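Next comes just one chain, in structure tokens: the form deposited in one PDB entry.
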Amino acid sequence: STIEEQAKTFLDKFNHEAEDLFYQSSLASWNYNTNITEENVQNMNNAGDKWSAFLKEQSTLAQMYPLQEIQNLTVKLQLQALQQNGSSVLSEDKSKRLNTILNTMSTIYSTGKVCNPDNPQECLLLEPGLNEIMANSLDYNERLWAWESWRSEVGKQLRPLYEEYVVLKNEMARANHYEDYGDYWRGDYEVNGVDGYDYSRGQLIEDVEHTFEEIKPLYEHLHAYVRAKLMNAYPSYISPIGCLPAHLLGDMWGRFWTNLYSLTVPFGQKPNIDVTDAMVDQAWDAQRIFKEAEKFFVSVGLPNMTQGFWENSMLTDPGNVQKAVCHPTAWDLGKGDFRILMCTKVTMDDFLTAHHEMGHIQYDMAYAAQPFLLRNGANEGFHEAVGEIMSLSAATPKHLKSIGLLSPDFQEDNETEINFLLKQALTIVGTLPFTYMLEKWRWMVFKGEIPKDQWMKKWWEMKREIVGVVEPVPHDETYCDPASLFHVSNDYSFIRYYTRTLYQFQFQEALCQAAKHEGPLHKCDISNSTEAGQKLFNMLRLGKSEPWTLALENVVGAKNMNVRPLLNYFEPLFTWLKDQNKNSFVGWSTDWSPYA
């Protein structure tokens, strides 16, 4: 028996032995995320520790077979993932210390409360306290308090823990044959071995910048338009040439500028296409929202939801009797078990969120035929690109009236289309310089380019330069504002949200193109198009088996990510944005600060 043949029978034994432990570990994690009990949180970690102990055991057993001997492309990829030494490449105490600081960062982030100096009896945490302020408040001082308090309280507690988090994670990456931790994360996009489709960890930094360089003109005009509107909501607070203060940006971190729509709406006299009143006034329930969702995917050529999904998914707030987590999630427990956890409210936002997470399930139901190690998105940004394509098609007013939530007499002016694209722009393009600048800083910090004496000093140099945002109050190195965001404090890579935004519009344009769509790209509903469905299905089933570049070609017909579909989606807004800045200044001076 050859080295390849032994590795194959090892993968055979592994798949059937991993399927049963992953289900037990995922069911235990479902028993906690739907039923917060101390019996289920210990049931969670015991099945989760057994799963990790099984992995680190099998990780070494995968190293029994040297990768250089394998010519089968599938078995080679699977053995590669299992041999990832990962956290096991650290010493016992350093690895144990690393696990401790990862939970505390998650803890002080999830349990950090800021207290009002005016009313010290009222102390709020991020959700719902601080986020509600940063999203709804219009008082400059009130938004300044909420923005700064979270960074001077939670972020300051995170500062020493993040310094140690970088050096310990760097010890893991270099011992795993990587340049830094940012190199480790960029390895998700790496394709090594396939002729003509290779893609290096350095290739990501090059391409994201080349596409970001071409993203600047649209964002520069959206910035100047939003800036002038914000000068009206905060007079004598914003310079018409300077950057936008970080606390007036819609949420705690400026990630999405959605909440500025009430301020930046082009034509506020128009009736919004928000059918939230229609959903509540028609006695719709959580069942109707998700059964209507399933109807969407089937009418495109995709399979139904399993009966296990129907009886076992949690689609409502579990009431006062059952305390649970309510983060909208789509569960793939394996062994043909697919579920969606969501404390659904009868609102338009949930009708689009139901289509997002159910898009994940259809992706999960498709690649379930792949082996256990290849049941995953082509890269980290593929799954969320699928979830948003449903949100895009389901948001069109033609789709709203085809379901019965929008009246047939809704007239689609060039104003209501500009209202919608501006609505989509504040949340989509506004987060791209944010996402890039964030990961760009993290990549440099892991690379050692930003010494600890100028972490926050360099952080805001890129904030004013790249995204166009200025701090409202001066921050020294005692703060750790990067770690004040969930993904940074919870060890989540962030470049996947930039790459998903580019993937999703390549998908949507090609799928609407296959659906013979003719009008504006934003006006496209994919329903009733069984042709475009099988087109997308050709990619969903591949999982992680095929290289992400190859899987991208089967739907879009391209080898690399492209920004032109994103540009073409926002083309009616970009020309109208050029007009609205005819007597306004595009661009920003990096030197203006809302202080002395």
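Each residue number is its position in the shown sequence, starting from 1. The term rigid core refers to the maximal set of C-alpha atoms that superpose within 1.5 Å between the two forms.
Peer 1: Would you tell me which stretch averages the higher CA B-factor in the PDB entry, 241-249 or 206-214?
Peer 2: Taking the mean B-factor of the alpha carbons in each, 206-214 is higher.
Peer 1: Averaged over C-alpha atoms, is the B-factor higher for 407-415 or for 331-339 in this PDB entry?
Peer 2: Higher of the two, by average CA B-factor, is 407-415.
Peer 1: Maximum C-alpha temperature factor per the entry, among 221, 401, 458, 475, belongs to which one?
Peer 2: Result of the comparison over 221, 401, 458, 475: 401.
Peer 1: By the entry's C-alpha temperature factors, tell me which of 190, 274, 153, 465 sits highest.
Peer 2: Max CA B-factor in the entry, restricted to 190, 274, 153, 465: 274.
Peer 1: Using the temperature factors of the C-alpha atoms in this entry, rank residue 368 within its chain: lowest, middle or highest third.
Peer 2: Lowest third, going by the recorded CA B-factors of the chain.
Peer 1: Comparing residue 295 with the other modelled residues of its chain, is its CA B-factor in the lowest, middle or highest third?
Peer 2: Ranked within chain, residue 295 CA B lands in the highest tercile.
Peer 1: For residue 234, return the chain-relative third of its C-alpha B-factor as stated in the PDB record: lowest, middle or highest.
Peer 2: According to the entry, residue 234 has a C-alpha B-factor in the chain's middle third.
Peer 1: Just say lowest, middle or highest third for the CA B-factor of residue 98 relative to the other modelled residues in its chain.
Peer 2: Answer is middle: the recorded C-alpha B-factor places it there.
Peer 1: Where does the C-alpha B-factor of residue 81 rank in its chain, lowest, middle or highest third?
Peer 2: Middle third by C-alpha B-factor.
Absent from the display: the form deposited in another entry. The rest refers to it.
Peer 1: Let me spell it out: fit the two forms on their rigid core, measure each listed C-alpha, and pick the one of 280, 233, 167, 125 that moves 2 Å or more between the shown form and the other one. Which is it?
Peer 2: The one that moves 2 Å or more is 280.
Peer 1: Can we say the CA of residue 449 moves by at least 2 Å between the shown form and the other one when the core is superposed?
Peer 2: No, its C-alpha moves less than 2 Å.
Peer 1: If we fit on the core, is the Cα of residue 148 displaced 2 Å or more between the shown form and the other one?
Peer 2: Comparing forms between the shown form and the other one, the residue 148 CA shifts below 2 Å.
Peer 1: Core-aligned, does residue 485 move its Cα 2 Å or more between the shown form and the other one?
Peer 2: No; that C-alpha moves by less than 2 Å between the shown form and the other one.
Peer 1: Quick one: in the other form, is the Cα gap between residue 283 and residue 136 smaller or bigger than here? Answer closer or farther; it shifts by 3 Å or more.
Peer 2: Closer together, which means the C-alphas of residue 283 and residue 136 are at least 3 Å nearer in the other form.
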